[PDB]
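Written out below as structure tokens is the structure these notes cover.
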Number of protein chains: 2
Amino acid sequence: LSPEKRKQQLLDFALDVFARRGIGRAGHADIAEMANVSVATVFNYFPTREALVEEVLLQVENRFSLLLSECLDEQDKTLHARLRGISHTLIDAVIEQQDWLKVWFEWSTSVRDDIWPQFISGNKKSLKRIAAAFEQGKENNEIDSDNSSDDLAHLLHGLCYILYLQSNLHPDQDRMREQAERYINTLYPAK
Amino acid sequence: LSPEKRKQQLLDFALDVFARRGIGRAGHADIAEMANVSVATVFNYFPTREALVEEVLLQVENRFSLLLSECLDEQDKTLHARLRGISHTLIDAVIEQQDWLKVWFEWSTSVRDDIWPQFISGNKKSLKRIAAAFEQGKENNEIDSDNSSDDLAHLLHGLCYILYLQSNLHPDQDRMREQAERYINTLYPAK
């Protein structure tokens with residue numbers, strides 16, 4: 001009933017519907033019925049369908065930023081330990097069927113929708129941070145310097161994509177952690 | 001228009017509609033208007049939404065297979081020329097805004113949908129073909145033997161995903177072919 005808790009509950013319900021039915025496939029009435037509140041109440045928190053999609057996608061973007069922030073902001077970790085931590089958190093997000101990550105990947109392939117500039121613009125901040133991790137790895141001679149940090153960062157997103165699909169096919173923590181390590185060793189050979 | 005030509009035309013129109021609006025949207029009336037036939041006629045060929053989707057996705061699956069066959073069936077090409085050809089064909093499919101490829105990638109991230117097991121079941125005949133290409137490359141000492149052919153094949157899918165997104169951002173043939181070469185050199189260094 002507290003306003004901040006209500007708003008989060010409504011956002012989580014909309015994200016739930018987006019993950020099940022598709023981004024923007026939630027009516028205010030649908031959200032109202034999940035929250036057992038009135039339609040007027042949902043419109044109080046999200047005056048338009050546009051505002052609801054924008055704020056849900058902002059939450060999704062923030063969750064991805066937080067996933068990288070937890071693994072990349074530790075100061076005493078090699079590049080390969082950081083990559084392992086990212087792969088581990090992604091795998092668990094799949095096994096836990098986390099709605100935000102399912103919407104994140106659907107968002108990424110929505111290339112003809114009007115929401116797709118916001119996917120790109122939000123994720124260049126994440127690419128910048130990932131590239132910084134690869135640059136620090138190069139400085140520490142943990143990987144070779146012959147490939148650009150931007151290319152390495154883009155390739156990490158490609159790794160996350162295949163790890164995402166494979167973890168949905170086989171949601172097995174041990175099996176997928178073993179798979180992630182092999183991918184990382186192939187893509188990012190040690191130095 | 002004989003009935004089998006009419007059905008193929010409706011399927012091609014359905015692909016157009018699904019690429020614009022999403023695989024999950026009721027397209028019978030939209031397809032009807034594109035074909036200049038009644039919506040009853042479209043339901044004669046596709047009695048349910050589920051039938052229309054399954055048959056469109058089978059066409060999409062076949063189109064990806066034909067891309068692979070065209071790039072893999074020469075059998076005297078080197079591995080890196082095959083990888084280059086696949087990447088170039090993908091880039092041009094984005095620049096030409098080919099509907100089947102947009103739908104293919106949306107299908108790939110539809111992981112909770114009843115349609116996803118078919119994405120996987122068609123994807124393993126693709127993986128197996130790509131894996132064999134990598135194995136032949138390892139046989140001719142064109143790449144390191146250090147990484148399993150199945151892993152290399154999965155990683156190629158991740159490379160295609162990143163190239164797909166970047167080509168949609170920057171549908172610039174020169175820039176994307178340069179980008180693809182860097183990716184191939186990073187993931188699959190020659191010799």
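Chain identifiers are assigned as A, B, and so on, following the order in which chains appear in the structure tokens; residues are numbered from 1 within each chain, and ligands are numbered from 1 in order of appearance.
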Proximity check chain A to chain B, 6 Å, nearest pairs one decimal Å, only C-alpha atoms, as CSV:
```
residue,atom,partner,partner_atom,distance
A:106,CA,B:109,CA,5.6
A:109,CA,B:106,CA,5.7
A:158,CA,B:158,CA,4.1
A:159,CA,B:158,CA,5.9
A:162,CA,B:158,CA,5.7
A:187,CA,B:187,CA,5.5
```
Neighbouring residues of stretch 25-27 of chain A were defined as those with any atom within 10 Å, considering only C-alpha atoms; residues of the same chain fewer than 5 positions away were excluded. Please report them as a count of residues only.
15
Quick one, how far is atom CA of residue A:48 from atom CA of residue A:28?
8.8 Å
Determine, counting only C-alpha atoms, which protein, DNA and RNA residues have an atom within 7 Å of an atom of residue B:135; residues of the same chain fewer than 4 positions away are not included. Present the result as a PyMOL selection string.
chain B and resi 131+139+149
Nearest residue to residue A:99 out of A:36, A:41, A:59, A:145, using only C-alpha atoms?
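Answer, going by the shortest atom-to-atom distance: A:59.
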Can you tell me, as a PyMOL selection string, what residues are no more than 9 Å from residue A:171 when counting only C-alpha atoms, ignoring any on the same chain fewer than 2 positions away?
chain A and resi 91-92+94-96+166-169+173+175-176
Which polymer residues have any atom within 12 Å of an atom of residue A:66, counting only C-alpha atoms, with same-chain residues fewer than 2 positions away left out, as a compact mmCIF listing (two decimals) with N, CA, C and O atoms, in the first residue's frame?
```
# COMPACT_ATOMS: atom_id res chain seq x y z
N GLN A 59 13.86 -0.45 -16.04
CA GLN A 59 14.19 -1.40 -14.98
C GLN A 59 15.05 -2.53 -15.54
O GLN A 59 16.02 -2.96 -14.91
N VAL A 60 14.70 -2.99 -16.74
CA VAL A 60 15.44 -4.06 -17.40
C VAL A 60 16.88 -3.63 -17.68
O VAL A 60 17.85 -4.36 -17.40
N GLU A 61 17.04 -2.42 -18.22
CA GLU A 61 18.37 -1.87 -18.46
C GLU A 61 19.18 -1.78 -17.18
O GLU A 61 20.38 -2.11 -17.16
N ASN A 62 18.55 -1.32 -16.10
CA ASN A 62 19.23 -1.19 -14.81
C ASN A 62 19.64 -2.54 -14.24
O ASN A 62 20.71 -2.66 -13.62
N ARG A 63 18.80 -3.56 -14.41
CA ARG A 63 19.17 -4.89 -13.94
C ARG A 63 20.41 -5.40 -14.67
O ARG A 63 21.29 -6.02 -14.06
N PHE A 64 20.47 -5.18 -15.99
CA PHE A 64 21.68 -5.58 -16.72
C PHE A 64 22.89 -4.79 -16.24
O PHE A 64 23.98 -5.36 -16.07
N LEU A 68 26.44 -6.35 -14.41
CA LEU A 68 27.83 -6.06 -14.74
C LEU A 68 28.52 -5.33 -13.59
O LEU A 68 29.69 -5.58 -13.30
N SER A 69 27.78 -4.44 -12.92
CA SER A 69 28.36 -3.65 -11.83
C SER A 69 28.84 -4.55 -10.69
O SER A 69 29.90 -4.29 -10.11
N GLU A 70 28.09 -5.60 -10.37
CA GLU A 70 28.50 -6.49 -9.28
C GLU A 70 29.78 -7.23 -9.62
O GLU A 70 30.62 -7.45 -8.75
N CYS A 71 29.95 -7.64 -10.88
CA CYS A 71 31.13 -8.42 -11.25
C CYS A 71 32.34 -7.57 -11.62
O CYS A 71 33.48 -8.01 -11.42
N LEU A 72 32.13 -6.36 -12.16
CA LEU A 72 33.23 -5.56 -12.68
C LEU A 72 33.78 -4.56 -11.68
O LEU A 72 34.90 -4.07 -11.87
N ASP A 73 33.05 -4.24 -10.62
CA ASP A 73 33.50 -3.21 -9.69
C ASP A 73 34.40 -3.74 -8.58
O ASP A 73 35.03 -2.93 -7.89
N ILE A 86 30.42 -13.04 -14.45
CA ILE A 86 29.34 -12.62 -15.35
C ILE A 86 28.60 -13.83 -15.90
O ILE A 86 27.36 -13.88 -15.90
N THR A 89 26.42 -15.35 -13.12
CA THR A 89 25.20 -14.60 -12.80
C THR A 89 24.17 -14.73 -13.91
O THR A 89 22.96 -14.86 -13.64
N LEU A 90 24.63 -14.73 -15.16
CA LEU A 90 23.71 -14.90 -16.29
C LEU A 90 23.05 -16.26 -16.26
O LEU A 90 21.82 -16.38 -16.40
N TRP A 100 13.43 -10.12 -16.17
CA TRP A 100 14.14 -9.00 -16.77
C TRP A 100 15.06 -9.47 -17.89
O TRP A 100 15.16 -8.81 -18.93
N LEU A 101 15.71 -10.63 -17.71
CA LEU A 101 16.69 -11.07 -18.72
C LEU A 101 16.01 -11.59 -19.97
O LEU A 101 16.50 -11.39 -21.10
N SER A 126 26.92 0.10 -21.11
CA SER A 126 27.38 -1.21 -20.67
C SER A 126 28.57 -1.68 -21.50
O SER A 126 29.52 -2.26 -20.95
N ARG A 129 31.65 0.05 -20.27
CA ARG A 129 32.16 -0.53 -19.03
C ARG A 129 32.83 -1.88 -19.28
O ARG A 129 33.86 -2.18 -18.68
```
DSSP alpha helix (DSSP H) residues within stretch 6-180 of chain B, listed as a PyMOL selection string
chain B and resi 6-21+28-35+39-45+49-72+79-95+99-108+116-139+149-169+173-180
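Between residue B:35 and the candidates B:9, B:88, B:123, B:55, the tightest atom-to-atom separation, counting only C-alpha atoms, involves B:9.
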What does the distance between atom CA of residue B:38 and atom CA of residue B:57 come to in Å, to one decimal place?
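Separation of atom CA of residue B:38 and atom CA of residue B:57: 23.1 Å.
Here atom CA of residue A:7 stands at a distance of 27.6 Å from atom CA of residue A:124.
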